[PDB]
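Step one of this worksheet: look at the structure below.
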Amino acid sequence: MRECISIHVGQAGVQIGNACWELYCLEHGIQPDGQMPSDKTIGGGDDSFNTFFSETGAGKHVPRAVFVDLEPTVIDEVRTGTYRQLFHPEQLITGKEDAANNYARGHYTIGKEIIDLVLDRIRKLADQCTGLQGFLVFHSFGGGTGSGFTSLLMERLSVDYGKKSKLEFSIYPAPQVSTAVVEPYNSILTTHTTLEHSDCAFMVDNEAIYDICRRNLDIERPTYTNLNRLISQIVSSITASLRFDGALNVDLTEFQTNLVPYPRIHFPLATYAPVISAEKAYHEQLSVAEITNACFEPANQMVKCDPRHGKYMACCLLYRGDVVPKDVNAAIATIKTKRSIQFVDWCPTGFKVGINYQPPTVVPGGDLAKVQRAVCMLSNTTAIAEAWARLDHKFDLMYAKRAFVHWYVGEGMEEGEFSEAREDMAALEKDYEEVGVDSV
Amino acid sequence: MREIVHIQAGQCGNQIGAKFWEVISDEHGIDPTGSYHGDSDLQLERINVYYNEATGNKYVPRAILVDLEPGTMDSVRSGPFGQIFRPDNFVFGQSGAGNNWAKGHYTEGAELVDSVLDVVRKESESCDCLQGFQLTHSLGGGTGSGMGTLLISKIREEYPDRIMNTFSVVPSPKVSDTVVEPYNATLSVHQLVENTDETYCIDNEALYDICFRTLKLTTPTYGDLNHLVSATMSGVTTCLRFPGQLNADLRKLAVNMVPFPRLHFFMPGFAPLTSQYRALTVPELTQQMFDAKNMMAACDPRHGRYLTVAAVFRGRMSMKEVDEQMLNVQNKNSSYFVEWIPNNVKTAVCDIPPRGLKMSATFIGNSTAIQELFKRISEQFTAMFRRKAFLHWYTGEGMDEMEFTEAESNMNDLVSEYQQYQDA
Ligand SMILES: Nc1nc2c(ncn2[C@@H]2O[C@H](COP(=O)(O)OP(=O)(O)OP(=O)(O)O)[C@@H](O)[C@H]2O)c(=O)[nH]1
Ligand SMILES: Nc1nc2c(ncn2[C@@H]2O[C@H](COP(=O)(O)OP(=O)(O)O)[C@@H](O)[C@H]2O)c(=O)[nH]1
Ligand SMILES: CCOc1ccc(-c2cn(C)nc2-c2cc(OC)c(OC)c(OC)c2)cc1
Ligand SMILES: [Ca+2]
Ligand SMILES: [Ca+2]
Ligand SMILES: [Mg+2]
Ligand SMILES: [Mg+2]
């Protein structure tokens, strides 16, 4: 038990789920039809991979997951594609008309027509569980479904499942990849209405994933497939602790004890290494010391900010592959002297370490080189408030003129909901400022 | 008074407890399945202190295994001496304690505590004359810290006149699972002050430094820390487990070691430190066991004064030379033993030595320097508490900030109380 149900909402979520679940199957030796040759307990089992996969009596390993989108085009590619056999048809849910980059349509208008059906389908997965731990929610900040329907869902799950944990993987918008003019509005609106209901949320700046693919994989104009295949490795590093046996494996809830000092301060900075092309990795083995040092190079962050001009409240290192305690300890000692790591005066300055032995895999015909070891750092830095700042400014520029606000008011929202949300964001920026201040 | 009932709570509790049973079963010639395959009659003469005799002359430990998740207790069953523990005495919940005192003491653990006490009663009922209880646990986590201290309160309610010992692994940033440990430790310490007669302070800071500096282990596991603990645990319990003439019980120790009831926090030591070919002379054992380097609680005993000491030499040696050596350190460093308690060092000798060594020495000290350990955790606590940091984890389980301010203050009084007699 300790089961974990994944919900993928809107295109971004759905497409990142395809990446994530493809990757999980390659990590656990699961085939596209769902069969696991290495699994000897037919029909059920109490294994670590069973946290993400249930088993049928026939031996099909089925993701504990739901895919929702308010229009069929993106989910229809799952329904006809390589892993169509992996999912039961009722895990894949669609409407006919999308939310049209409108939080109002995703949360209310189109959203209220399908919410009950979704919760009914989540509930059928929950009843397969003997000891449900919580939910992982994959969505974009920018989209109408990704913002609006997610918020609606998060509120409703808080009702049906009380305080049972809910983690987010949020895709923070950036103009390099597709963006719309109103994504700042949707971003602030969903971040406000979800903040009470999310226990921990890993933001992913598309610009950050864009720059990394360009710089490190030498990809000229990265596609969503490029970005999602990188993202899913970061998602896999965080969830690896839940899916694998391990002597030196720290569970993801134990890291969360350290990562969340107050409930609103639940936004960790993910940083991953190595991201390297097959061309460059040839005759080039990257040690524990090298990949650990890369975690403090801010060009490897999932979110663009500067931790060096902020303050740490937590530092966690999630190694996978050929790693042992000794080297990690040497590597951290090196870093402590040579690098710009200031903690707040109220937190202890240790680094919390976990290690999985199962080494990191890659998607066949991918861009990432196969490496022997890897690491995902999860830090709680005040610097991440910079992401809220950049987004809050864009919100303010349009809201000053009420630009596009009629599309939201047309679908039933009030102007009060914008200012209410924005003031919550103003408070959140002030909270991240207050925690950094020294005590008296 | 012969029988002791043992309980082991949480990950650390069950981990060190397992090793305690591995170590002492070997010294009593009891193999992994529970049969006796020894040689001496001295191995069996006080076997009834820690073991029940079963059908087909099997010896089963008087041991109860407690945890709020099945992880650790599954490993104990799979581990080398797992097949000896009574399977009924494995009492486990499923949801875990999240390194949260509140979960262990008030919510998750509350649900399981009655089912634990039924087995405690089951093991007590078939004790000819129950003398007391001993608990292995940690104060840093959730189950061992929270539920451990809850069970201690329940056991006291039901058996208010028996002795309650603890072997309590005090936490440290050098060997840390989570930032919230000082909260958990401080809430537990307040419990222990009320509801235990003796508490052996095993400090992880100390065990690391001993593993690192004085054993040359560069990267020490918890396994290396637990070797030191299970040796120490065998050492203090030697005189209960073996004969004789000058033989012992828990209550007489508790009486003679504890001048004031709240001050019952002992500072263990062991010599020589192992993980050898030259056996040590008696003057070396005496020097080493009294050395700060050999202490299991990271306090400098020169920074306070001993109220009482108890020393247990193991091996075939000159009892003349032991007396002479023990009188040497007392008469040459008399400023560090309180004058107002006469003859406050008691020595015992035991002929049977532990596995590996020809002669060893275990040291039990009730020093006023132990205040330093509580001052260390009291500082770590306030750095966080003054900003209410990480409190949401506890207040979500129904706890109040008032309860934290109490537990802080109780431990600051304990430190004042220890300081009082360091000057007198
Ligand atoms: N990383 C990543 N970002 C994506 C992907 N698809 C969309 N996005 C981003 O998500 C935002 C747009 O939201 P979508 O998720 O496409 O929209 P939706 O949730 O389907 O909402 P509607 O279509 O309006 O109902 C933009 O910021 C895009 O850059 C993807 O596959 N990967
Ligand atoms: N000496 C020692 N300390 C441990 C061991 N396991 C955990 N600890 C310490 O105990 C504290 C965590 O408690 P733990 O037993 O994991 O939590 P619980 O299972 O909920 O009681 C931390 O201070 C750890 O350093 C062990 O095997 N040996
Ligand atoms: C400060 C004096 O401390 C003492 C004096 C005597 C005793 C004692 C009396 N009896 C009958 N048994 C003990 C005793 C002594 C021990 O130390 C060698 C023990 O080992 C820890 C012991 O084990 C329970 C009993 C105790 C303390
Ligand atoms: Ca199975
Ligand atoms: Ca319950
Ligand atoms: Mg869409
Ligand atoms: Mg633990």
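Even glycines carry a Cβ here, placed using N, Cα and C.
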Open item on the list: Among the residue ranges A:1-4, A:137-140, A:245-248, I'd like the one that Swiss-Prot describes as motif 'MREC motif'.
Closed with: A:1-4
Task: Chain B, Cβ under 8 Å: which of the recorded positions A:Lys40, A:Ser48, A:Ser232, A:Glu254, A:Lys326, A:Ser439 qualify - done: A:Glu254, A:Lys326, A:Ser439
TODO: Report the same-chain neighbours of A:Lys370 (ubiquitin cross-link): residues 6+ apart in sequence with Cβ closer than 8 Å to its Cβ, ordered by sequence.
DONE: A:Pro360, A:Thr361, A:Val362
Open item on the list: In whole Å, how far does the CA atom of A:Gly10 (GTP binding site) lie from that of A:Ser232 (phosphoserine)?
Closed with: 16
TODO: Spatially speaking, which of the recorded positions A:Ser48, A:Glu71, A:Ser232, A:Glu254, A:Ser439 is closest to A:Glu183 (GTP binding site)? Use C-alpha to C-alpha, please.
DONE: A:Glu71
Open item on the list: Need the DSSP three-state call for A:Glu254 (active site) to compare against my parser.
Closed with: helix
Open item on the list: Name the residue among the recorded positions A:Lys40, A:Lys326 whose Cβ has the smallest number of other Cβ atoms within 10 Å.
Closed with: A:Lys40
- [ ] Using DSSP reduced to three states, classify A:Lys370 (ubiquitin cross-link) as helix, strand or coil.
- [x] coil
TODO: For A:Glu71 (Mg(2+) binding site), list the number of other Cβ atoms lying within 10 Å of its Cβ atom.
DONE: 18
Open item on the list: My understanding is the cutoff is Cβ-Cβ under 8 Å with a sequence separation of 6 or more in the same chain; which residues meet that for A:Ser232 (phosphoserine)?
Closed with: A:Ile16, A:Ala19, A:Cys20, A:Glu22, A:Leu23
